[PDB]
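Working through the structure, step by step
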Amino acid sequence: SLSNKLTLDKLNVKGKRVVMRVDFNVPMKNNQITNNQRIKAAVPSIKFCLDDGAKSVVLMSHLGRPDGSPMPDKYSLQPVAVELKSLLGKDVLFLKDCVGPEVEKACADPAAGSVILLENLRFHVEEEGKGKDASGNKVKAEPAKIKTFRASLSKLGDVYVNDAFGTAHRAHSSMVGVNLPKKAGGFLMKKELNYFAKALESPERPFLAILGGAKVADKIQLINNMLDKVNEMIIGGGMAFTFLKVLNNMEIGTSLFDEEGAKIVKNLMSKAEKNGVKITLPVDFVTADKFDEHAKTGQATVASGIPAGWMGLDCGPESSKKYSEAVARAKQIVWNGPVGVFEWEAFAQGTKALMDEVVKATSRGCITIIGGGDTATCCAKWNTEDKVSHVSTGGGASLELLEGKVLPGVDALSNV
Ligand SMILES: Nc1ncnc2c1ncn2[C@@H]1O[C@H](COP(=O)(O)OP(=O)(O)CP(=O)(O)O)[C@@H](O)[C@H]1O
Ligand SMILES: [Mg+2]
């Protein structure tokens, strides 16, 4: 997607200060980084700069959603400075702010090979452009203030590099507001985009897409677009029940149901048929008397229906077989969302078996792409991240792409 945009590999950073937007918005538990995949995924771009004789490297990102309110005790990027220092083996200068005189002078003529990490960009309402004040009232940013903020960020360097794929879908100040003669996309951006371009412009055939999750309404455009590129599609998780109900008139008990999505199901099937797309739905399920990790377990099939008062939380053995059948024929796979409540061991077996199949397919030459989010965390708790072709570092961003949208984060990049 950047074949028409400027990239790091085509930039000259010798003796220059580099302002690099990155995505260090990692998850925490109480004071520790539960997952540092996002930090490690940006190192390749940081080193390339340093190894190429860079005067300095200024990194900026956000953490959570403070709403433009300084919350150092809740969303401080300080702990990320400690984590980075160890992964880089180099010293990192952390600043209590990301804009202002003090920061601006600190980033002017610094000691060569200097790594500087700025503070949460969202501690200012100028980043997103909106937020709230102490009074609790929702406020809007001033065009004059926005220009100032964007102007301060631009003074931090000579060239600008964007490697925040996970934030590529946001049209915030640090993503599209930096005013510098050169805006280059990082390696992480080049890598992530290269995989999704393969599964969006010219995939290997057969091409299979596995879509799970809970709701259907917020997935309509994702399915609609994918129905123009895939050969086979698996509809699993709570999503399936909305299709079985409208398509087979099957009873679903107290299982998840999407009223809004139920009205489009028939239009989705019609599009698949016209395009020659095979849609695999589950044939049996693992039920529960209630929504609880320690609920009573049962079983059911499409033909028998789900008993009243019960609900399907995972697929069954026969469904696992069909899924594997589709996985075996594929030459490329895109997976987004679990096919069952994987957070509870008793209902994660269906997702576990599919992962095993997906892992075996990769070792046979199949291109396997797992979209970030709930389906990304799985592989982590399974240590099967290096058992597939690619695990995305951006769920909401990769979703935007799959829907066929344009990420403001890359469009704002310099042309070539
Ligand atoms: N058969 C099923 N019944 C109920 N929940 C299911 C399910 N199959 C999957 N899920 C749940 O679906 C969730 C993923 O759904 P989805 O991708 O829509 O979530 P989301 O993060 O966009 C917001 P929400 O989960 O609130 O809808 C997982 O947390 C998983 O436990
Ligand atoms: Mg959702």
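Higher on the page you've got the structure.
Calculation criteria
- Residues numbered from 1 in each chain as written, not as in the entry; some residues may be left out.
- Chains lettered and ligands numbered in written order.
- Heavy atoms only, no water.
- Residues with missing side-chain atoms left out of burial classes, pairs and counts.
- Disulfide = S-S within 2.5 Å.
- Buried < 20%, exposed > 50% of the residue type's maximum accessible area, 1.4 Å probe, protein only.
- Near = heavy atom within 4 Å.
- Polar contact = N/O pair within 3.5 Å; in protein donor to acceptor, adjacent residues only side chain to side chain.
- Areas by Shrake-Rupley, 256 points an atom, 1.4 Å probe, with all protein chains shown as cover.
- 1 Å grid on protein atoms, 1.4 Å probe; cavity = no way out; pocket = protein on both sides within 12 Å on 5 of 7 lines; lining within 4 Å.
- Points joined across faces, edges and corners; volume = space filled by probe spheres on them.
- Nonpolar A, V, L, I, M, F, W, Y, C, P; charged D, E, K, R; others polar.
- Pairing = 2+ DSSP bridges.
- Helix = DSSP H or I, 4+ residues; strand = E, 2+ residues; numbered from the N terminus.
- Contact = heavy atoms within 4.5 Å.

1. Comments concerning the state of the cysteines
Counted according to the given criterion, the structure contains 0 disulfides. Looking at the unpaired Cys 315, the closest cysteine sulfur is the one in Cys 378, lying at 13 Å. Judged by its relative accessible area of 6%, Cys 315 falls in the buried class.

2. Thoughts on the site of ligand 1
As a structural note, the neighbourhood of ligand 1 is formed by 14 residues, with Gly 213, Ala 214, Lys 219, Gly 312 and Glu 343 the closest of them. In this structure, an oxygen atom belonging to ligand 1 sits 3.0 Å away from a main-chain N or O atom of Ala 214. Residue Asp 374 places a side-chain N or O atom 3.4 Å away from an oxygen atom belonging to ligand 1. Protein chains bury 66% of the 640 Å² of accessible surface belonging to ligand 1 in isolation.

3. Points about empty space enclosed by the protein
Volume-wise, the largest cavity comes out at about 50 Å³. Lining of the largest cavity is provided by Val 22, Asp 23, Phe 24, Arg 38, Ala 42, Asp 163, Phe 165, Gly 166, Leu 188 and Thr 393. The residue makeup of the lining of the largest cavity, split by class, is 5 nonpolar, 2 polar and 3 charged.

4. Observations regarding the sheet that holds strand β10 (residues 232-235)
Taken in spatial order, the 6 strands line up as β11-β10-β9-β15-β16-β17 in an open sheet, and their pairing is parallel. Only two strands of the sheet have a single partner each, and these edge strands are β11 (278-280) and β17 (390-391). The pairing of strand β9 (residues 207-211) with strand β15 (residues 332-336) spans 5 bridges and is parallel. Counted as the bridge partner of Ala 209 is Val 334 from β15.

5. Quick word on the environment of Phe 243
With respect to the helices and strands, the residue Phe 243 is situated in helix α10 (residues 238-248). Along the backbone, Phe 243 and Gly 365 are 122 residues apart, and their C-alpha atoms lie at a distance of 32 Å. Setting aside residues up to four positions removed in sequence, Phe 243 forms contacts with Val 216, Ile 235, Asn 248, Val 265, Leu 268, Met 269 and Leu 281.

6. Things to note about the layout of surface pockets
As a volume, the second largest pocket reaches approximately 260 Å³. Along its surface, the second largest pocket is lined by 15 residues, and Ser 1, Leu 401, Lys 405, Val 406 and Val 410 are the ones closest to its centre. Of all the secondary-structure elements, those providing two or more residues to the lining of the second largest pocket are α8 (187-198) and α17 (408-411). Among the residues forming the lining of the second largest pocket, the class breakdown is 8 nonpolar, 3 polar and 4 charged.

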